[PDB]
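A.B. asks: This is the structure, below, for whatever I ask next.
Protein chains: 2
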Amino acid sequence: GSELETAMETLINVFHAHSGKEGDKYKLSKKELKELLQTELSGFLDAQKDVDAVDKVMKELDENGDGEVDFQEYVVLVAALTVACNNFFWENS
Amino acid sequence: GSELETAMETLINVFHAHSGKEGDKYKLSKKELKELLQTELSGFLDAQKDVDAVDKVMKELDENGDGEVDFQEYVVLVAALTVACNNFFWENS
Numbered sequence: 001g002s003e004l005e006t007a008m009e010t011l012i013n014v015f016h017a018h019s020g021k022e023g024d025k026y027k028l029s030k031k032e033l034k035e036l037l038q039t040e041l042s043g044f045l046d047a048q049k050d051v052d053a054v055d056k057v058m059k060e061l062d063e064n065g066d067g068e069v070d071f072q073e074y075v076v077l078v079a080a081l082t083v084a085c086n087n088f089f090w091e092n093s
Numbered sequence: 101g102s103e104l105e106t107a108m109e110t111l112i113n114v115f116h117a118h119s120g121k122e123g124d125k126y127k128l129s130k131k132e133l134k135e136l137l138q139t140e141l142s143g144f145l146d147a148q149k150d151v152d153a154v155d156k157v158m159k160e161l162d163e164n165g166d167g168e169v170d171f172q173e174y175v176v177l178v179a180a181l182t183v184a185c186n187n188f189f190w191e192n193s
């Protein structure tokens with residue numbers, strides 16, 4: 001159980017605890033997930049100046065408004081917010 | 101710095117350390133990333149019986165053989181392997 005593998009495990013726990021809402025186990029409504037991503041990463045979206053980056057993730061919700069997201073999507077969007085900030089470190093002088 | 105936000109941070113560190121290969125910082129070759137995912141999640145692909153699941157992730161590499169992947173893709177495929185195992189817990193009797 002390395003930290004690398006454990007890091008992902010954390011995404012499973014949180015994803016589940018929230019999957020108990022309207023869904024059942026692996027099911028999760030977009031309405032609930034929409035707040036989830038920002039609920040755990042409320043700081044990131046606060047340290048990111050990229051307005052276009054958040055816009056893409058915001059509108060993306062309307063694209064999959066199907067009423068249900070996907071775990072694979074939960075892990076991709078949560079990170080998309082982080083990388084949308086680290087860029088601050090690497091930049092031209 | 102909550103554990104939830106820290107979990108994702110781990111993906112950034114590993115992704116970077118490997119981005120120093122042929123790439124530079126945010127760039128990473130598929131050839132190197134291909135081994136990366138399995139290098140850190142060598143156990144998962146060992147505890148997963150889903151042959152079709154791994155097949156999709158395996159062929160996916162040939163699809164983006166462009167020679168360079170994407171961070172967003174690094175986080176989505178690494179997890180795809182985990183979820184391809186947890187299912188063992190939830191199942192019909």
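Here the protein sequences come in this chain order: A and B.
Take the first sequence: its position 44, counted from the start at 1, is 44 in the working numbering, and no numbers get skipped.
The number in the working numbering is simply the position in the second sequence, starting from 1, with 100 added.
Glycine included, every Cβ here is placed at the ideal spot set by N, Cα and C.
Taking Cβ-Cβ distances shorter than 7 Å, what residues in chain B pair up with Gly43 of chain A?
C.D. replies: Correct list: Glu105.
A.B. asks: Please confirm whether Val178 of chain B has its beta-carbon closer than 8 Å to some beta-carbon of chain A.
C.D. replies: Closer than 8 Å to some Cβ of chain A, the Cβ of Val178 of chain B qualifies, so yes.
A.B. asks: For a quick check, are the C-beta atoms of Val151 of chain B and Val75 of chain A less than 8 Å apart?
C.D. replies: Not closer than 8 Å, so no.
A.B. asks: Considering only C-alpha positions, which residue in the set A:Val57, A:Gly23, A:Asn13, A:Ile12 is nearest to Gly67 of chain A?
C.D. replies: Nearest option by C-alpha distance: A:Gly23.
A.B. asks: Between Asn86 of chain A and chain B, is the shortest Cβ-Cβ distance under 8 Å, so that the two count as touching?
C.D. replies: True, the Cβ-Cβ gap to chain B drops below 8 Å.
A.B. asks: Examine chain A for any beta-carbon lying closer than 8 Å to the beta-carbon of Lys125 of chain B, and answer yes or no.
C.D. replies: Interface residue, yes.
A.B. asks: Determine, for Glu140 of chain B, whether the minimum Cβ-Cβ distance to residues of chain A falls below 8 Å.
C.D. replies: Chain A, which has a Cβ nearer than 8 Å to the Cβ of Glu140 of chain B, makes this yes.
A.B. asks: Does DSSP put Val151 of chain B in a helix, a strand or coil?
C.D. replies: Three-state DSSP puts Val151 of chain B in a helix.
A.B. asks: Secondary structure at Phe15 of chain A, three-state DSSP: helix, strand or coil?
C.D. replies: Helix, per DSSP.
A.B. asks: If you measure from the beta carbon of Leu11 of chain A to each beta carbon in chain B, is any gap under 8 Å?
C.D. replies: It does: the Cβ of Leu11 of chain A has a partner Cβ on chain B nearer than 8 Å.
A.B. asks: Using a beta-carbon distance below 8 Å, is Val154 of chain B in contact with chain A?
C.D. replies: So no, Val154 of chain B is outside the interface.
A.B. asks: If the criterion is Cβ atoms closer than 8 Å, does the pair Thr82 of chain A and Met108 of chain B meet it?
C.D. replies: Cβ atoms of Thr82 of chain A and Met108 of chain B: closer than 8 Å.
A.B. asks: Please report how far the alpha carbon of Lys25 of chain A lies from the alpha carbon of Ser93 of chain A, in whole angstroms.
C.D. replies: In a straight line, the C-alpha of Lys25 of chain A is about 48 Å away from that of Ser93 of chain A.
A.B. asks: Would you be able to state if there are at least three C-beta pairs under 8 Å between the stretch 53–63 of chain A and the stretch 155–169 of chain B?
C.D. replies: The stretch 155–169 of chain B vs the stretch 53–63 of chain A: no contact.
A.B. asks: Residues in its own chain within less than 7 Å of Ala147 of chain B by CB, not counting five upstream and five downstream?
C.D. replies: Excluding residues within five positions, the ones whose Cβ falls inside 7 Å are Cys185.
A.B. asks: Among B:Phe171, B:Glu140, B:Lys130, B:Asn187, which one has its Cα closest to the Cα of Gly165 of chain B?
C.D. replies: Ranking the options by Cα distance to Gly165 of chain B, first place goes to B:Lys130.
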